[PDB]
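Cβ coordinates were reconstructed from backbone atoms using ideal geometry, including for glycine residues, and neighbour counts include every protein chain displayed. Read the figures in this text as sums done on the coordinates, not as results from a lab.
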Amino acid sequence: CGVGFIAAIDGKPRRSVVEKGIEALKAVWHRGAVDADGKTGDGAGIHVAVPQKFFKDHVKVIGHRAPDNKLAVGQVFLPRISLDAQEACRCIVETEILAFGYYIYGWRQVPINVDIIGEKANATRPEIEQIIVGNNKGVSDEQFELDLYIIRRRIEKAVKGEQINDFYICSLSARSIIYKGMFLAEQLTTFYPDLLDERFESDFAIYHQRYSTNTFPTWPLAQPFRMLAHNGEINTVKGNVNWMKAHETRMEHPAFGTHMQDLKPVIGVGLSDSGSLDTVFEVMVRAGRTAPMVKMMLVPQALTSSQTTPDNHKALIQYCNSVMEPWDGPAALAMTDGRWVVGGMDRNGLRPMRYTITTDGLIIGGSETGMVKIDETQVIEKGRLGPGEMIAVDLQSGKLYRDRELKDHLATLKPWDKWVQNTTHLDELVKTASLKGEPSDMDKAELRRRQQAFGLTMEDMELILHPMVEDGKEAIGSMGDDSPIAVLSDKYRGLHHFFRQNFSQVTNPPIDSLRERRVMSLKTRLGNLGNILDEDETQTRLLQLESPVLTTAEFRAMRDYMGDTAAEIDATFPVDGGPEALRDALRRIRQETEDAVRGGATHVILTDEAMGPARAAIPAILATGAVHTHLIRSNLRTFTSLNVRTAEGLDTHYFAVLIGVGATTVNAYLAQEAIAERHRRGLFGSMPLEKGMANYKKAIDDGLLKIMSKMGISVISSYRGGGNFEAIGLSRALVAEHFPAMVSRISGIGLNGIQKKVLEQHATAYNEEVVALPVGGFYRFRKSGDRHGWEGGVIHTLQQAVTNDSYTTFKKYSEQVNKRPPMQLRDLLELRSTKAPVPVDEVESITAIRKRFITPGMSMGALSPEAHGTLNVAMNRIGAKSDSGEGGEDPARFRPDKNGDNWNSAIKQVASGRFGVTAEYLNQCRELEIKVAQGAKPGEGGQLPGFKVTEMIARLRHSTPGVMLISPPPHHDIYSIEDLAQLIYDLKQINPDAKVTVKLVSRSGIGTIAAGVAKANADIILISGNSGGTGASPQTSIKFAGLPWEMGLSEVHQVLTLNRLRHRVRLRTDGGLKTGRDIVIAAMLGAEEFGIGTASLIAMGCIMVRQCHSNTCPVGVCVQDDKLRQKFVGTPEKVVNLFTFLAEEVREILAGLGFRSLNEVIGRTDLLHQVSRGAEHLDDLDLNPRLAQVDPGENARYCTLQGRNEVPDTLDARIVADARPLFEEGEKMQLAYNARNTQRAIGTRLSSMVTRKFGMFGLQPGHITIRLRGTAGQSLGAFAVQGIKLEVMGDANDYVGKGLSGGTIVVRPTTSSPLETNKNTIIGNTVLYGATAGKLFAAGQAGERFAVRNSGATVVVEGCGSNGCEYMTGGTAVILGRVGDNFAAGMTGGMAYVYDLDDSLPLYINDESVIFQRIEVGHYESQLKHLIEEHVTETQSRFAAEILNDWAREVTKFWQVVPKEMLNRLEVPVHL
Amino acid sequence: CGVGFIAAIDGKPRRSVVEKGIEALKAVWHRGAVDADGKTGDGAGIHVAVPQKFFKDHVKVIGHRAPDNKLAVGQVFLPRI
Ligand SMILES: Cc1cc2nc3c(=O)[nH]c(=O)nc-3n(C[C@H](O)[C@H](O)[C@H](O)COP(=O)(O)O)c2cc1C
Ligand code: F3S
């Protein structure tokens, strides 16, 4: 993957531009996806200006005359198969180009060579042709461009009207032209020989090569698009299309006029995210705005809440945020209007983008540095890009523009500072509220009756209601959930329980919510939805609210402010309406609102206060959905707004799922009354109502921010109405009609069961005389509660069976488990074979099947070391595979003791934290593991309480004892698919023995990501469920995240079979596997290996107390204090007996079924038959969308390849062939090489050889050194061991020093470069990720997210950007330059030595956990002096030498940053 | 190539109708498209009445209750990819 742009400053055409463009494109073959056929690609495109002279000469050759004005060429893909459609397309384009007055010059068939493209990509190759037209009316150029664009759009619409598919238009303009296709990005100039002539010379050029997930290519889906390029993916595209449909009707401009009517459906059909972004961008720029203004309005800079920018830019950003909803997502944009060329980043700056200026007036930019070969002495500036920045080139006068100058020129054009104060905030109205109007809070009996009307039990009002008002945050869970799904339940479940939240796997990186809170917002705007193309003051007159949720007092204040334009609507329906009262009520409301909005009302306030004994409350979610979707389909939602009052929402999930429907605000007036009645009963103590309400509001805000960051969105303005949810158990019609766009994999109950349950609950609440709330069990088991999974009798029977070692007791346990009513999905099927029963003495052995099951990872931090080692040895004793999980592991357990038992694990994990990841830790296993997203709590990192980190676990995780460890949810290394491929290559390079696996959690559309990772050479995919365990997590995350692994696994199997990819990767499932029946079912669905998990822990003595998060497990398993540890009763024989019994049961059921071996059943979906629950439930769950399958063909239904998938080798291989004496006699060496950018992960296989021969610290420093010249590739020196010195002359690409383990890497420019060192970038983003030991010396500026998660390493650089030293844990960093904004976010260990002249540090620091001061102790003075001395004597920077020279007056300019919780542990008191 | 039809004069169903229909289809192979491939053709099919009892057996097996009145069956071709 890659995107880049070249341009000339002045603007004179020259062949060198396209020459360097094609050359740089020819070197993007290392980031691609090379396959076995080697010919098929996944899309590549180039984009230049029109070569007028060539077409003029050609048309002179034909026989016409070349006019004085410029020409315009239109390039099109026409159907190739049938000769009946090409005539139609020619007819259409000619009819619609001759209807305006222009003169056709003729057609032309571009010469091509189809010999290099593969076969599968050739089966859908369309016919490429071009037409030539010319301005003859003497009209200006801008009118020419506008008219051609309108003609092109009209042709597209007219041809779409005839259903004549397989037709596309590349680009129709007189300034730009596009050559794109599905070939390989290297052989472009061979497919298009036109680019080989000496006349195609342009002022600018764009090149792009994408990385597609699936394998089926479609030509019209190749980048660049019309007037835009892109990299990555946009998270918030679902709500963007809906808001665009809303804005379509309230826009017009005289530039279009009558033909404006021809452009109503702005966003077409059947495109990716970049396609919609491109169409909107084009239709906006054709109105008069330039490129930078449109970029600032579409993807606005992250609005920082500080004074780091002049206020004019702040007013401009406020206006742009008000006028158009942002577009989040990782993106590196290179947009090219016919006048400007702007390269910019997104809000967060998640992807790299580096540019170089030559001394010839030539600017180049892209994702890498050494793609195009540049001379070393002709470089003027090597620059990078941070968040929200943008660099611009103006060809109209030949002028460059960096960030500040460009934005200042932009904000010069209009008086932005005077339009912002026209609006007002809410606090002004709150502060003037007269102290009056106290509503008499309803009686306790009334409140209890209304609460029973929605089944809100009492455990809710004290488990997740008391902490939210008392502490100021949400509750904490301790284990997976075993309550059935919302449809299979029996009690009245709220409608929100049928909605599962979404997240993002490797396709989209989630963003943390505890560090980068400055880049997120919850602003709501009332009275802003309107025109988008015009400019006036009628768009800055509105009201702004800071939070989408409101209390009662503020809501009444707003209602009093809105005056005589607010229309109320009753959301209650008469219970005696009849069998179909709900449909009548919904029709009535969805008609009444459309009536009221046209009468003169601009606000709709949906209320439900009219609930009475004869009228029940319509579910607010469904009513809001219907009303919003009707206002959207009726072209009215823009005209009004929507404020909702509820009576059933209490937790953070309800407000989120209700906002995700389309409502603007949400008010809950029951929770406040319950809080008041609980406060006046003197329960919180002496906390007044105001402070409690404030803490409650803050907790709700935190919850909304967490749930909004769980997906990758930054601003609520794009999430409202986005419909980022999954529905299970709802009918296809109801969801597909009342809700905008939510995929329901299985149809479910309609409007009969819902109304039935609602009326039954209303009757059991109001019609009877109730006085006390029921106890209820949803978070902890009770006798009057629903059916949980782990029942007391079940646990006791299993424990007696595993202790007595009795097969009959285990059989009785399995029977007891199977004889329950339906609880999960696997309770709705039934095995059904057709063959004759085979005697049990003919199926395979017990050990041969035992060698499949494994036990998942368990963090050393959550568990006690005793149970850890016990499970480890119990799995390693028989020969099966075990796990280790995160949290590292003790090194002393690498070799067996005298007794003959190995405490080492067989599988190591690579989580987002990378705590115990050193060189030695990654070479003592036979299988690696990537923890992309955890099962029980996806979209979140591993959590651990503050007092659970003892001395041992801290010395193991390389952390300061006594801190609440929160691993970052983002991965900081997998931002897209190609980065995942790079990490896979790194892991396969460091360990030439084992394999690497990836973990996932089930959701809709996971098959695409599966087929994507299947092209990344990965060979084992572990698909988790949503019923697994954890150490600690919020209950909202446990109960409301993921889907049962049935749909996910059954869809991954289908997808991986559909692209001939099943035969290359294994498949392993886990999550909720208890007995043999479920194991056989999972194997039937298409799995090979399995897991046990919590079940095994029950054999270990776990009693499901669900108090593991307090380090007080009574049986002594999840404990880190020495007192409870001595209560352990674990014994590996228990696990051996458990596995033996499970294998015996599976053998017996398979023998009875009719087969002989498991490897002859995988994929046989036809052996199951769905059985109905009957007519007692009237639900319509049809599981057929899972039982489906595609015939495999010739390959096997399972993996049929032994050994790992080989990957190509880089230069380091040839290095090993030269370093014989170091591995035969051990003598020093000193090598030199000319390294290039297409060599990834240099210096890792040598590191593996060293650590297998000698170890980590077995050598002296600087034993072997390598001098590389020229720029280096990605992931330089990843996992270097102490003794190796990599000296590179030039600059590193990305991820340098990832996981440094004692080595030494130095980067310095070529000594013959006339560049000032401290004024140029020399490293990419994400430097020294996961570093634990070593020294790094730079000679330039650093990228972004610098030295994150450092543990014990030292680093010296000459500058940094945003999020520097984020979540650092230990080591030493010295930055000599300008630090970025939000520095040292969450730093709880180590130090920072900053050098800043203009006193800008107190403005950028994140003064939360760290303190900054002057240097006061002579010891640290000498330490810093010696560090700078080592730097200057190692890399010889002029700036460091000058600093070293004048030392008397420079230390008083240095500042020191030190964490707070480390003041009382430093042996040297930093104070006096 | 060709089209044929078999009907019952009285109007009482029987297996012999479908049997003879398949028998007829098994004898128009020569007038079709023969090529060196040996597998592909140019399309064929048959059209019969709804065997109510078979779908009744299916819907009884699935767990529902067989309705007395007549069922209606629908055959749909969805995009596979
Ligand atoms: C006590 C416990 C700790 C766990 N710790 C982790 C962990 O640190 N990282 C991780 O990815 N999964 C962790 N898991 C989840 C397991 O990988 C796996 O999903 C779980 O064993 C399946 O649960 P089940 O037995 O209910 O099917 C943990 C599970 C449990 C029960
Ligand atoms: S909840 Fe955890 S602490 Fe022990 S008793 Fe059960 S495994």
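Rounded is the label for the protein assembly as shown, because a/c, from the alpha-carbon gyration tensor with a ≥ b ≥ c as root eigenvalues, stays below 1.5. Normalising the Debye intensity of segment A:1323-1435 to I(0), with uniform scatterers on Cα atoms only, and taking log10 at q = 0.11, 0.23 Å⁻¹ returns -0.30, -1.49.
Summing Cβ point charges (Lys, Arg +1; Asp, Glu -1) relative to the Cα centre of chain A gives a dipole of roughly 1400 debye.
The modelled label-to-label distance for the pair A:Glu446/A:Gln1189, using points 7 Å beyond Cα in the direction of Cβ, is 6.2 nm.
Can you tell me the dipole magnitude for chain B around its Cα centre, using point charges on the Cβ only (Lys, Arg +1; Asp, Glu -1), in Debye to the nearest 20? Walk me through the intermediate numbers first.
Numbers: 13 positive and 8 negative charges, 86 e Å.
In debye, rounded to 20, chain B gives about 420.
Charge tally for A:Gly857 (other residues, Cβ to Cβ under 12 Å; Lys, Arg +1; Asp, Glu -1): -2.
Distance between the modelled labels on A:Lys431 and A:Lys851, one decimal in nanometres: 7.6 nm (7 Å Cα→Cβ projection).
Quantify how much of the Cα-Cα distance distribution of segment A:1-422 extends past 36 Å, in percent. List each step's numbers first, then the result.
Values: 22109 of 88831 pairs.
Percentage above 36 Å: 25.
The orientation-averaged shadow of the Cα convex hull for segment A:781-832, equal to a quarter of the hull surface, comes to 4.5 nm². The H on the amide N of A:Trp903, modeled in the peptide plane, is under 5 Å from the matching H of A:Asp897, each at least 5 residues off or on a different chain.
Would you be so kind as to identify which of A:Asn752, A:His788, A:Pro856 lies farthest towards the positive end of the dipole of segment A:745-869, taking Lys and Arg as +1 and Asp and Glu as -1 on Cβ and the Cα centre as origin? Farthest towards the positive pole: A:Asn752. Note on segment A:423-780: dipole from Cβ charges, positive end direction compared against A:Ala763, A:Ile532, A:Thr551; the farthest Cα belongs to A:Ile532. Taking Cβ atoms as reference points and 14 Å as the exclusive limit, the residues near A:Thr215 contribute a net charge of +3, counting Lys and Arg as +1 and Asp and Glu as -1.
Can you compute the helix-only [θ] at 222 nm over the protein assembly as shown? Use -39500 (n - 2.57) per DSSP H run of at least 4 residues, normalise by all residues, nearest 500 deg cm²/dmol. Before the final figure, lay out the partial values.
Details: 43 runs with 453 residues, N = 1553.
After summing the helix terms and dividing by the residues of the protein assembly as shown, the value is -8500 deg cm²/dmol.
Distance between the C-alpha centres of segment A:752-824 and segment A:858-927: 36 Å, rounded to the whole angstrom.
Can you give the mean number of other chain Cβ atoms that lie within 10 Å of the Cβ atoms in peptide A:1168-1176?
Numbers: counts 0, 3, 3, 3, 5, 1, 3, 3, 0.
Rounded to a whole number, the mean comes out at 2.
Distances between placed amide hydrogens fall under 5 Å for A:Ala1339 paired with A:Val1307, all partners being 5 or more residues away or on another chain. Phi angles of segment A:675-681 translate, via the Karplus equation with coefficients 6.51, -1.76, 1.60 and θ = phi - 60°, into HN-Hα couplings of 5, 5, 5, 6, 6, 6, 7 Hz per residue; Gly and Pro are given as x.
Sequence-ordered 3J(HN,Hα) estimates for segment A:430-436 from the Karplus curve with 6.51, -1.76 and 1.60 and θ = phi - 60° stand at 5, 5, 9, 5, 5, 6, 8 Hz, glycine and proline given as x. Binning the C-alpha pair distances of segment A:276-399 at 5 Å intervals from 0 yields a P(r) profile of 2, 9, 19, 20, 20, 15, 9, 4, 1, 0 %, listed from the shortest bin outward.
Relative to one another, the C-alpha centroids of segment A:1092-1126 and segment A:632-699 are positioned 38 Å apart.
What is the local net charge at B:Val59, summed over the other residues whose Cβ is closer than 15 Å to its Cβ (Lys, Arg +1; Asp, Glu -1)? It would help to have the intermediate numbers written out before the result.
Working: positive: B:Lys53, B:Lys56, B:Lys60, B:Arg65, B:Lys70; negative: A:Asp1180, A:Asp1182, B:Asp57, B:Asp68.
Net charge around B:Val59: +1.
Between A:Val1468 and A:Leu514, the C-beta separation translates, for a Förster distance of 41 Å, into a calculated FRET efficiency of about 0.85. For chain B, set up a Gaussian network in which alpha carbons nearer than 10 Å are linked by springs, and say which option among B:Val18, B:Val59, B:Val48 fluctuates the most. Comparing B:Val18, B:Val59, B:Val48 in a Gaussian network model of chain B, the most mobile one is B:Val59. Anisotropy class assigned to segment A:19-66 is prolate, per the alpha carbon gyration tensor with a/c at or over the 1.5 cut-off and a/b larger than b/c. Where in segment A:1442-1466 does the label zone of A:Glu1416 land, with the point 7 angstrom along Cα→C-beta and an amide N cut-off under 18 Å? A:1451-1466, by backbone N distance to the label point.
Given R₀ = 25 Å, what would the calculated FRET efficiency be for A:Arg90 paired with A:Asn136, taking r from the Cβ atoms and rounding to 0.05?
Values: r = 21 Å, r/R0 = 0.84.
Here the calculated transfer efficiency is 0.75.
Label-to-label distance for A:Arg1156 and A:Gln800 is 4.1 nm, based on points extended 7 Å past Cα in the beta-carbon direction.
With the contact rule set at Cα under 8 Å and sequence spacing of 6 or more, what percent relative contact order holds for segment A:1-422?
Values: 743 pairs, mean separation 97.8, N = 422.
Relative contact order of segment A:1-422: 23 percent.
Distances between placed amide hydrogens fall under 5 Å for A:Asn1363 paired with A:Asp1381, all partners being 5 or more residues away or on another chain. The overall shape of segment A:1200-1246, judged from the alpha-carbon gyration tensor, is oblate: a/c is not under 1.5, and a/b is no greater than b/c.
Full extension of the chain segment joining A:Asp560 with A:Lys160 gains 138.9 nm, where the gain is 0.36 nm per residue of separation less the Cα-Cα distance. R0 = 35 Å: FRET efficiency of A:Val1207 with B:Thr40, Cβ-based, nearest 0.05? E(calc), rounded to 0.05, equals 0.35. Relative to one another, the C-alpha centroids of segment A:442-478 and segment A:529-591 are positioned 27 Å apart. Fully extending the segment from A:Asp262 to A:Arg1125, taken as 0.36 nm per residue of separation minus the present Cα-Cα distance, adds 303.1 nm. Can you find, among A:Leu447, A:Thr432, A:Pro579, the residue farthest towards the positive end of the dipole of segment A:423-780? Put +1 on the C-beta of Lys and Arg, -1 on that of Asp and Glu. Projecting each Cα onto the dipole axis, the largest value belongs to A:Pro579. The stretch between A:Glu815 and A:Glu592 holds 74.6 nm of extra length on full extension. This uses 0.36 nm per residue minus the Cα-Cα distance. Within the same chain, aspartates and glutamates fewer than 8 places from A:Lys373 are excluded, and of the rest, those with a Cα less than 12 Å from its Cα are A:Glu19, A:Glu23.
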